[PDB]
Structure formats: C-alpha cells, structure tokens
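> can't give you the sequence, but here's the structure:
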Ligand SMILES: CN(C(=O)CC#N)c1ccccc1
C-alpha cells in the first residue's frame, strides 16, 4: 500500500482518487492519501471550489517513484512532484500517518471496479499519449485537445491518441472502397491491431484511458476517442472472439461506473444504437446491452 | 455544404462542377414467377453526370451484367456510381477536373467521398434543389442508347444542344429543368408538346427540337401549363 502525501491544502478543493472523491476545506489540516493499492495505475484529480471550471489531475503509478502534492500559489494549482530523497519521503509520510492526517484509499475487498476499468492501462502507454518525459506522472485536464482535434492548438499540451478516421486513405484500400467502409475489419485488424497497436491489450488500454479521461475530466476529445474505438470494433465483421468477449466486459464496467447524471453528455446516442442494434456485433455484447437497456433506455 | 435557392448562380460561375444523379443506375421490372412469387429483372441503367455551365453530359451506361451475382443491389448501385464518377474524374486532365461534385441524393455523399479520398480538394456537396434528372430516360435518344447497350459504355452529349449560342447557362439549365420536370409529371403530354409540330425536327446531333427563340417561349409556356394542369388533376384544385 503506497502513499501520496500533501504538503498542505491552502484552497478549498474536491479531490478525486480513482473513482472516489472527497472535499477539503480551505486550510483544512489534510496531508494526503494512504493505502493506495500497488499494482494499478491511479489518477488523483482536483476541482477547485471557487472555479468548478478546469478539472485537472495526474496519472501515476506508485511503483515508479515517490510522489507528493504541493499547492503552487503562483500557478494556482495542486502540483504533483517527485521526491528523490527516499529517506526524507519515508520520514515525512510516517509523521503524517502517526498524526492521522490522511484519508485512506477506501477499497472494499469484494470490489474489482478499479481493476476492471484499468486492466489494460499502462503508465508507459499513458506517457506516450501525454508527452512530458521529464516527469514519471502525467497531467491531464478538461480542456486539453487531441491531435485529431488539432488537425480539425499547443502541441506540447495535447492528447496524442491514435488517430482513427473512417473516411481516410488509411482506413480504405483502393479497390475495396465499399467493402472496407461497410466492414472495417481491414482497418481494425491489419492497420490498427497488427500495424499500430501490435496487440489487443494496447488497443484496449487506450480505449480505457480515453474513457477515464472523459469521465473524470469531462474531456471531449477523449470521449470522441473512446466512441471511435468502440465503433471500429463494432463495425468490423471479423473480430477475434476473445476481443469481443473482453470488450463486452470493458464496456459493462464503464457503463456501470458512469455517473447516472452524466449519461446525456458522455454517451453518443448514434454510436451506441448503431453498435448495439445495427452493427456486425449487435448480438455479441450481451452484458453491455443488458446494462445499457436497464440503466439508459432513454438513450436507446 | 448544401446547394439551394440562395446559392444557385454558383452553378454558372467558372469553377468546374458536376451534378451526379444516380436515380437511373439500378432499374428493374417487377413480375410474377410461374409459382406466383414476385421477382425482379434488371434492365440497363445510366449515371447522369452533368456540367451545368457547359451542358456536357457524361452518360455512363450501366449494363445489367454489373449486377450479376451481387447482393444488396440498391446499396451497390450507389458505390458503383461513385466508382464510375471517380474513374471519370481520374480520366480528365487536371485542369478539367471538377472543383465540386453535387449529388442529387444525400445517400451518395459517403460513397462518393470515400471513392474521392485521393482528391481532398474536390468538394462533395448535397443540394436542397429537387432536380428532375430522373426524367433523363424520357429523352428518346438517351433512353435508346441505354437500352441498346450490350456492354458498359460512356456516351457524351451536350444536353443543351446549341442553346448556349443564344442564351446563358442559367437560362439553359432553367429551361432543361422545366422540360425534365414536365416529362416527369406527365411524360405523354410533355412529349406531344415537344413533337406535335412535324415541321420542327430534332437534328441528328441534338436531343431536342430546333425551336426558334419565339417557339421556345411558346413551348416553355405550354410546359408550365402542363405542370399546373397535372397539379390540379392531382390535388383536385
Ligand atoms: C426549378 N427551376 C425551374 O423550373 C426554372 C424554370 N422554368 C429552377 C430554376 C432555377 C434554379 C433552380 C430551379
């Protein structure tokens, strides 16, 4: 179990850690989060009480270093930092725990939700999507645009998701225009899986990361990416059986976790109706279809 | 975006553009089988690709052999249309390629966009104009070349005959739309109007009769009457 200490909490803020969240008052004696499960990536996120504009946060893996949060009164935000003095860090953490100034990561033992949402998400792949190689953790916020959005503005502050575009020369072989547009198996299996992602785990990891950025930061370009990666699979007549079964599980847990009140803005009616009811895979996503029809029958 | 009543002089500016109509590509007769079921028999069709400024018509004849052993023919027909338009564009010298292609039916947008991905600078646009180009097969010489075809074939026509010697393209295209709309609304009446006077003939190299300017004014009035007439007989007015 690892710890992310906080130097202090000078401004009132709602703090998220993965799917959990809690409020900290201005100058409340709060010194961080303990008992963080080792073995998963995690996200710590922030919404200031005085400006619920700009949610922002940091993806990190406690196995890659000792990380802490410190408010910066010049830049006006809670910053993640790495402490290289491991003795200093262990000392600080021990003092804050003995004083009980930390919230405990509140995982129930029956609960695999976070694993199920991050199963294929790797810190190394996050750092390729979010380029800032001087840090081992990755900053994301609500406003960051994707490389595809920048094509359709600061490159250093962008989400470098894999560009998926169904009406593109990459997606469509000459002489197979109708075939490849109506059945995207070529684009999924040869271009994307074999060529770019190399395996389905990396594809699923990007899909999972895009969903989590959409949900935690309301990041629009991430939502676009998540839906495009679902639609590419659902619009392909030839998909490995194990990928379809895994996708059904991935989407089930995403739909299960989604705040009921955000479904109207985080779920694309067209993509989901197409995927569940018209596409090649309309009968292959049994768990996802059942939770969607029972939780969000309006959308359908 | 879409072409409508606001931007119609755009059709007659000096940016090369083509209309594409696919309504006569896939044509069938429906009949009863010996067992009393129903079946279709395809007949030859055509893509109607028209430059509205010059009158040049690229009539790609679609021979029924292209459907042999294919499924979902109404869907295939849109993609075959887009394939042939793409081939036509590729066949033209760069300075003759269109800057825009306007499809008469929105279902042609994705097929054509996908076939034209190599030409990112050619705009593919719909129109809110309900253009009567389906009636092109009511022009006798076009119907004849389509039905006589025994293989795929492209035939070039000027659908304005020599009218541009005397009138603008805007006026020629308005006249063509009036004629085709009439032929679509009441083909028999329209053809009697066009052909009732035996002293006015169709030249061998033309599609329509050799009306004088004053005769065109008369013909055009008779076509408006017809479209109004049938509109009464239809809506009881
Ligand atoms: C429909 N029509 C006509 O019948 C013209 C005549 N007669 C028209 C004319 C200009 C632009 C668009 C349509």
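Sure thing, it's come through. Numbering: from 1, shown residues only, chains lettered A, B, ... in the order given.

> Give me the phi and psi angles of the spatially most distant residue from the centre of chain B.
Most distant from the centre of chain B: residue B:35, at 37.3 Å, with distances by Cα atoms, centre = their mean. Phi and psi for residue B:35, reported as degrees, to the nearest 10, are phi -70, psi 0.

> I'd like the distance between it and residue A:96.
Distance from residue B:35 to residue A:96, counting by Cβ to Cβ, to the nearest Å: 86 Å. In short, each C-beta sits where N, CA and C put it, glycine included.

> secondary structure element for the residue in chain B positioned nearest to chain A?
Nearest to chain A in chain B, going by Cβ to the nearest Cβ, is residue B:79, at a distance of 3.9 Å. Following DSSP states H and E, one finds residue B:79 within helix B:73-91.

> And the helices in the stretch 101-250 of chain A, which stretches?
Here the stretch 101-250 of chain A has its helices, by DSSP state H, counting those that start in this stretch, at A:113-118, A:123-129, A:147-151, A:177-182, A:185, A:200-217, A:220-234, A:241-257.

> and for the third one, what are the contacting residues?
Taking contacts as Cβ atoms under 8 Å, 6 or more residues apart in numbering or on different chains, the residues outside helix A:147-151 that touch it are A:158-161, A:163-165, A:221, A:224-225.

> burial of the residue of the stretch 151-300 of chain A found nearest chain B, as a residue count?
Closest residue of the stretch 151-300 of chain A to chain B, Cβ to the nearest Cβ: residue A:178 (3.9 Å). Other residues lying near residue A:178 total 21 when counted by other Cβ atoms under 10 Å in any protein chain shown.

> Distance check, residue B:66 against residue A:182.
Using Cβ to Cβ, residue B:66 is found at 18 Å from residue A:182.

> coming back round to it: want to try a markdown table for the helices of the stretch 101-250 of chain A, with distance to the ligand as columns?
Formatted as a markdown table, the helices of the stretch 101-250 of chain A follow (distance: least, Cβ to the nearest ligand atom, whole Å):
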| stretch | distance to the ligand |
| --- | --- |
| helix A:113-118 | 56 |
| helix A:123-129 | 50 |
| helix A:147-151 | 36 |
| helix A:177-182 | 32 |
| helix A:185 | 43 |
| helix A:200-217 | 45 |
| helix A:220-234 | 38 |
| helix A:241-257 | 48 |
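
> Out of those helices, which gets nearest to residue A:274?
Closest to residue A:274 of the helices of the stretch 101-250 of chain A, according to Cβ to Cβ: helix A:220-234, at 7.0 Å.

> Please look at residue B:167 and residue B:176 and confirm they touch.
No - counting by Cβ atoms under 8 Å, residue B:176 is not a contact partner of residue B:167; they are 11.0 Å apart.

> Which one of these two is surrounded by more residues?
Comparing residue B:167 with residue B:176 by other Cβ under 10 Å, the one with more neighbours is residue B:176, at 22 against 15.

> out of everything not next to it in sequence, what's closest to that one?
Once flanking residues are discounted, residue B:176 sits nearest to residue B:159: 6.2 Å by Cβ to Cβ, 6 or more residues apart in numbering or on different chains.

> I'd say the one you found and residue B:57 touch.
Yes - contact criterion Cβ under 8 Å: residue B:159 and residue B:57 qualify, at 4.6 Å.

> got the contact list for the residue nearest in space to the middle of chain A?
When Cα atoms, centre = their mean is applied to chain A, the residue found nearest the centroid is residue A:212 (2.6 Å). Residue A:212 makes contacts with A:43, A:117-118, A:121, as judged by Cβ under 8 Å, 6+ apart.

> how does it look with 10 Å?
Residue A:212 is in contact with A:18-19, A:41, A:43, A:59, A:117-118, A:121, A:140, A:219, A:222, A:226, A:254, A:257, counting by Cβ atoms under 10 Å, 6 or more residues apart in numbering or on different chains.

> Which of the residues you listed are buried? Put it as a PyMOL command.
Only the buried entries of the contacts of residue A:212 go into this PyMOL selection, using 16 or more other Cβ atoms under 10 Å in any protein chain shown:
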select buried, chain A and resi 18+19+41+43+59+117+118+121+140+219+222+226+254
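
> ok, so of the contacts of residue A:212, who is nearest residue B:225?
The closest of the contacts of residue A:212, once distances to residue B:225 are taken by Cβ to Cβ, is residue A:226, at 59.9 Å.

> leaving aside the residues next to it on the chain, what's closest to the closest one?
Using Cβ to Cβ, 6+ apart, the nearest residue to residue A:226 is residue A:210, at 4.1 Å.
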